[PDB]
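Values reported hereafter were calculated over all heavy atoms of this structure, with side chains retained and with hydrogens, waters and symmetry mates removed. Throughout, numbering of the chain's residues begins at 1 and tracks the sequence. Whatever order the structure lists ligands and atoms in, that order sets their numbers, starting from 1.
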Amino acid sequence: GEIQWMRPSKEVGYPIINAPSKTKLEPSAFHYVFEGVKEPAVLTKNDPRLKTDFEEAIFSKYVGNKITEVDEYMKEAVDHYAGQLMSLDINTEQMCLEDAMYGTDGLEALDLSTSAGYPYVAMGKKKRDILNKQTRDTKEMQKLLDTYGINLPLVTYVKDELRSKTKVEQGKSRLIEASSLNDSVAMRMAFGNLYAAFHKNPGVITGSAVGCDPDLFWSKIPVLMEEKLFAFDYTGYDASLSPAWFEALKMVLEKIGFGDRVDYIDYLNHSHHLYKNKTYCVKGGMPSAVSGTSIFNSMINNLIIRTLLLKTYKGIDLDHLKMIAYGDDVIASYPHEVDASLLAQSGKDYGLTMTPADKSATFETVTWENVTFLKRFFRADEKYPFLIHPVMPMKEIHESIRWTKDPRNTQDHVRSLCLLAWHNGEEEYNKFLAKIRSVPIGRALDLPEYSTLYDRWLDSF
Ligand code: NA
């Protein structure tokens with residue numbers, strides 16, 4: 001990805017956009033009951049904590065575009081991936097406006113809380129004024145589509161979340177690149193069935209895990225993997241994507257029956273952005289908050305890994321490449337050991353910056369003992385080995401519980417954490433519950449005991 005140009009929005013016919021400048025995050029009732037070193041990310045150029053130019057920092061993710069066209073290895077990757085997907089017998093029909101708006105089997109309704117994007121954000125019109133979850137009205141939406149059309153600029157906000165002291169000091173805040181309600185609706189109508197098919201088929205066929213439920217899915221994953229696992233981390237995945245990778249994606253879509261609407265992918269590739277009083281154009285890079293962001297990054301990941309394996313290990317059997325992606329995150333396998341360090345090398349020629357799995361200093365062998373997916377480990381249950389526990393380290397949960405965005409969501413927030421934590425064992429979970437109950441706020445919460453969560457789990461299969 002690379003920003004072609006940036007200038008005052010007025011100069012190109014656009015209004016100034018208001019992006020919140022004050023974090024809604026602040027110390028929670030457990031701020032001092034648990035350890036933590038994370039704080040709210042920088043949201044404005046004036047934040048006292050900054051140690052470098054903010055603007056420069058948030059846009060530096062666009063490391064440029066390495067490759068220009070789709071080479072021979074990429075084409076092979078496309079054919080193989082498209083071939084697998086073809087077996088899912090995905091419905092290629094467009095999705096009706098109603099379902100694209102309010103949902104259907106395999107596709108959740110549009111999120112009413114998230115932004116309505118441009119121009120609604122500048123007209124003050126919110127999403128709650130356009131759709132009725134119970135009326136399932138599409139009349140208001142239809143007029144809006146006919147009025148403002150599609151391919152609208154993407155509204156950019158800085159994401160309000162916790163970050164390391166380092167990332168805070170270097171202005172490394174992540175950005176929300178929200179598509180207009182019009183594009184989301186249009187794109188969900190164009191790819192709605194593709195999304196549903198993926199959400200319903202997390203595994204090694206779609207090579208995707210978007211829409212999965214870690215509590216149940218973790219027991220299916222091992223069975224799907226080949227003998228030797230391999231993995232690695234990406235540095236600025238989304239932003240590093242070159243235009244060729246988007247073209248590769250269109251070929252897959254074309255081969256599986258969506259050639260009809262590959263133009264929507266162009267909208268992702270060559271994108272239009274609004275930030276504050278500036279507007280900029282990007283060539284390459286996947287927008288962060290577009291309908292399909294997660295699924296398309298995953299499809300592209302499948303193309304990337306297949307390509308690197310073909311470039312590096314000629315004669316490799318992609319039919320025995322068993323991988324599952326979730327955006328840039330990925331867990332993969334092959335009957336034979338492969339060199340991640342080597343793959344990382346080939347990766348640089350494709351505009352991808354790959355590093356050791358889980359922040360290691362060197363490329364070590366990936367095993368069931370140390371592999372993580374979605375920041376979760378894999379641990380067979382002591383009583384029933386065939387049931388696999390998705391284990392997220394307590395550190396993350398601790399960091400999270402020390403802050404709050406709305407005292408009215410304390411019950412949910414803390415309950416969410418409990419569903420993640422208990423997998424660390426009864427001893428750990430109880431220590432967690434006791435610390436929570438060492439202050440008034442925690443003692444008033446309704447939290448599940450270990451026995452309850454363990455039984456709920458066994459009963460969910
Ligand atoms: Na782009």
Undergrad: Around the Na ion (ligand 1), what protein N, O or S atoms are found below 3.0 Å?
TA: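 Protein N, O or S atoms closer than 3.0 Å to the Na ion (ligand 1): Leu268 O, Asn269 O, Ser271 OG, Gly284 O, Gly285 O.
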
Undergrad: Looking only at side chains, do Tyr280 and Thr156 share a donor and an acceptor under 3.5 Å apart?
TA: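 Indeed, the side chains of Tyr280 and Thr156 share at least one donor-acceptor pair under 3.5 Å.
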
Undergrad: Starting at CG of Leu352, measure out to NZ of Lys66 and round the result to the nearest 0.5 Å.
TA: 11.0 Å

Undergrad: Would you call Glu226 and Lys228 a salt bridge, taking side-chain N to carboxylate O under 4.0 Å as the test?
TA: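 Salt bridge: no.
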
Undergrad: Test: side chain to side chain donor-acceptor pair (under 3.5 Å). Region: residues 233-243. Which pairs qualify, not counting sequence neighbours?
TA: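 Listed by first then second residue: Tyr234-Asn301, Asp238-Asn297.
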
Undergrad: Between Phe373 and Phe378, is the ring centroid distance below 6.0 Å?
TA: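 No, the ring of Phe373 stays outside the 6.0 Å limit from the ring of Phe378, centre to centre.
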
Undergrad: Could you tell me which non-hydrogen atom of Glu247 sits nearest to which non-hydrogen atom of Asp266, and how far apart they are?
TA: OE2-OD1, 4.1 Å

